[PDB]
J.: 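Supplied in structure tokens, the structure appears directly below.
All ligand and atom numbering here is 1-based and tracks the order in the structure. Quick note: residue numbers are just sequence positions, from 1. Only this structure's heavy atoms are used, side chains among them; waters, hydrogens and symmetry mates stay out.
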Amino acid sequence: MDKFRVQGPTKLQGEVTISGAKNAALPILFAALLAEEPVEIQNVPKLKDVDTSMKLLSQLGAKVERXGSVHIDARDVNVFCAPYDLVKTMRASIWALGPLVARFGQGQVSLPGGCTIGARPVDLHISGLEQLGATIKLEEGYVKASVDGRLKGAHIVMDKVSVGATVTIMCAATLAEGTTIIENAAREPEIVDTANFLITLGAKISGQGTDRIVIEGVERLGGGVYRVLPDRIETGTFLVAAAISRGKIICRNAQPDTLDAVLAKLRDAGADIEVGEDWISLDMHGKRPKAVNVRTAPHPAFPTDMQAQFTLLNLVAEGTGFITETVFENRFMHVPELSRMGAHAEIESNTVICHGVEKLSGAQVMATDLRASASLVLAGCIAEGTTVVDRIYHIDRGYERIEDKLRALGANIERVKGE
Ligand SMILES: CC(=O)N[C@H]1[C@@H](OP(=O)(O)OP(=O)(O)OC[C@H]2O[C@@H](n3ccc(=O)[nH]c3=O)[C@H](O)[C@@H]2O)O[C@H](CO)[C@@H](O)[C@@H]1O
Ligand SMILES: *[C@H](C)[C@H](O)P(=O)(O)O
């Protein structure tokens, strides 16, 4: 099992080109199960979850290939049970269910996996599909859905905001008979990107990006060419990397408007930020960041996917700052690991109270999920001495070539294999 050995401290500065969003590429790949003409998806990041999704789609009978772009021809899909091994390793696999039921009248998918940061039920996906007319039963761990004929449009008032369930309902509604209105819909940029991809195929959707999405079902979806938007979490991760190391960075192929909350908190931390049509620059002017208070919540509020990274920022910042996590109930595993590197923090229920220190010390650490693992690698870059982050395959799920990108910013990092 691979690890990253990092030698610190190193000031991270330079430039990085942001890859396509992990969390837009994934729902779009599964939405392609609805397409009855070939599709070309551009700017797809080379990530472990994308590899898993391509294999999963192939096992359903879709013809899939890639490089920068992924090409999919789902016209001959003929298997409606997703394979357990591919389903259980990530969260995105749940998105195979809705398209299979909407287009073929049936689908079976085991409960998903992915980030171990909460119980992560899928009750809202099930409830939404049931409201669209699907009959669903859970048996031996598989969610089995079916419908005789087409799904039927419905006015669905989500009783909890959910990125994934909004996607499931929106995608399935594109082939339903009639109009579907999703209330309390998640507004994330990836939902807007998935909607625009579906519209490219011929779907009729409006309201994406707002709390109310209206879908008018059509008989079938066609094909198209679509470019995935930039990864806002990767962008935020590199901006934090520059901030905590008192450096400067320019992120290219970025989309500033997907990061209003994050950029505002970085400015509160003392960063000098400028933005262009497709880039973001951050300069600390050699200064240590100032601690900030943060509360995660659904988009456009501060994203839970940037929470571990900002915990790190506060732990090396000037002063005390808190990080309140309201979206997931078990997303503080990075804290005890950063404490072993010399950080000072206390956890009070859903909030981490951070007291910034001047410098961290290298240590052997390990994170059990994607963003926590990336945060430990960033800590290693600025810590004094050697840090070894174990189980880094978690990072591969959401970052394309983080090693090369950090190295280009000045990091001393090596991927060590086999012990
Ligand atoms: C593959 C992907 O896109 N992953 C992202 C997606 O995950 P994901 O789609 O799983 O996020 P959700 O928004 O659905 O989850 C938010 C909250 O709702 C709860 N919930 C969710 C679904 C459901 O059926 N029932 C339920 O109770 C969750 O367990 C959590 O407490 O959005 C999260 C929140 O921005 C991100 O952190 C993930 O990186
Ligand atoms: C970590 C939360 C990842 O983004 P997911 O794919 O498991 O959601």
J.: What atoms in ligand 2 come closer than 4.0 Å to a heavy atom of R91?
T.: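 Near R91, meaning under 4.0 Å from one of its heavy atoms, ligand 2 has 5 (P), 6 (O), 7 (O), 8 (O).
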J.: Does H394 approach ligand 2 within less than 4.0 angstrom via side chain, backbone, both or neither, non-hydrogen atoms only?
T.: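 Neither; nothing of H394 gets under 4.0 Å from ligand 2.
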J.: Which residue and atom name correspond to the protein heavy atom nearest atom 6 (O) of ligand 2, and how close is it?
T.: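 Scanning the protein heavy atoms, the shortest distance from atom 6 (O) of ligand 2 goes to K22 NZ, 2.8 Å.
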J.: Do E325 and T351 get their side chains close enough for a donor-acceptor pair, meaning under 3.5 Å?
T.: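 Absent: no donor and acceptor within the cut-off.
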J.: Which protein residues have a heavy atom under 4.0 Å from ligand 1?
T.: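 Contacts of ligand 1 under 4.0 Å: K22, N23, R91, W95, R120, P121, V122, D123, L124, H125, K160, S162, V163, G164, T304, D305, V327, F328, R331.
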J.: Roughly how far, to the nearest 0.5 Å, is CZ of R227 from CD of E40?
T.: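 Going from the CD atom of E40 to the CZ atom of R227 covers 11.0 Å.
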J.: Show the atoms of ligand 2 that are less than 4.0 angstrom away from any heavy atom in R120.
T.: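 The atoms of ligand 2 under 4.0 Å from a heavy atom of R120 are 2 (C), 5 (P), 7 (O), 8 (O).
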J.: Distance to 0.1 Å, residue and atom name: give those for the protein heavy atom nearest to atom 3 (C) of ligand 2.
T.: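 The answer is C115 SG, 2.8 Å.
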J.: Look at the aromatic rings of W95 and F30 and report parallel, tilted or perpendicular, splitting at 30° and 60°.
T.: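 Geometry flag for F30 against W95: tilted rings.
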J.: Is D49 close enough to touch ligand 2? Criterion: a residue heavy atom under 4.0 Å from a ligand atom.
T.: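 Yes.
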J.: Name the orientation class of the two ring planes belonging to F104 and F80 (parallel below 30°, tilted from 30 to 60°, perpendicular beyond 60°).
T.: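 Judged by the thresholds at 30° and 60°, the geometry between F104 and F80 is tilted.
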J.: Can you sort out which atoms of ligand 2 are near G114, meaning under 4.0 Å from one of its heavy atoms?
T.: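 Those atoms are 7 (O).
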J.: State whether a side-chain donor-acceptor pair under 3.5 Å links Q42 with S69.
T.: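 Judged by distance alone, the side chains do not pair up.
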J.: Examine distances only and state if a side-chain atom of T387 and a backbone atom of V6 form a donor-acceptor pair shorter than 3.5 Å.
T.: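 Not at all, since once roles are kept as given, no pair shorter than 3.5 Å links the two residues.
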J.: For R75, does the CZ atom have more than 12 heavy-atom neighbours from other residues, nucleotides or ligands under 6.0 Å away?
T.: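 Result for CZ/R75: enclosed.
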J.: Within the 4.0 Å heavy-atom shell around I117, which atoms of ligand 2 are there?
T.: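 Matching atoms, with element in brackets: 2 (C).
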J.: With a 4.0 Å cut-off on heavy atoms, is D369 in contact with ligand 2?
T.: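 It does not, in that no heavy atom of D369 comes within the 4.0 Å cut-off of ligand 2.
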J.: Which residue and non-hydrogen atom of the protein lie closest to atom 5 (P) of ligand 2, and at what distance in Å?
T.: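 Protein heavy atom with the smallest distance to atom 5 (P) of ligand 2: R397 NH2, 3.6 Å.
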J.: What residues, two or more places apart in sequence or in another chain, satisfy salt bridge (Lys or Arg N to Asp or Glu O under 4.0 Å) together with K88?
T.: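 Testing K88 for salt bridge (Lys or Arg N to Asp or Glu O under 4.0 Å), a comparison that skips the adjacent residues, returns none.
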J.: Give the contacting part of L26 toward ligand 2: side chain, backbone, both or neither, where contact means a heavy-atom distance below 4.0 Å.
T.: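 Looking at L26 and ligand 2, no heavy atom falls under 4.0 Å.
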J.: Heavy atoms only: give me the nearest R150-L175 pair and the separation to one decimal.
T.: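 That closest heavy-atom pairing would be NE-O, 3.0 Å.
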J.: Out of the candidates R331, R232, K22, only one should pair with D305 under the salt bridge (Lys or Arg N to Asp or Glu O under 4.0 Å) rule; please name it.
T.: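 Answer after filtering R331, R232, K22: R331.
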J.: Under 3.5 Å, is there a donor on one side chain and an acceptor on the other for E346 and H355?
T.: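 Per modelled atom types, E346 and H355 side chains form a pair under 3.5 Å.
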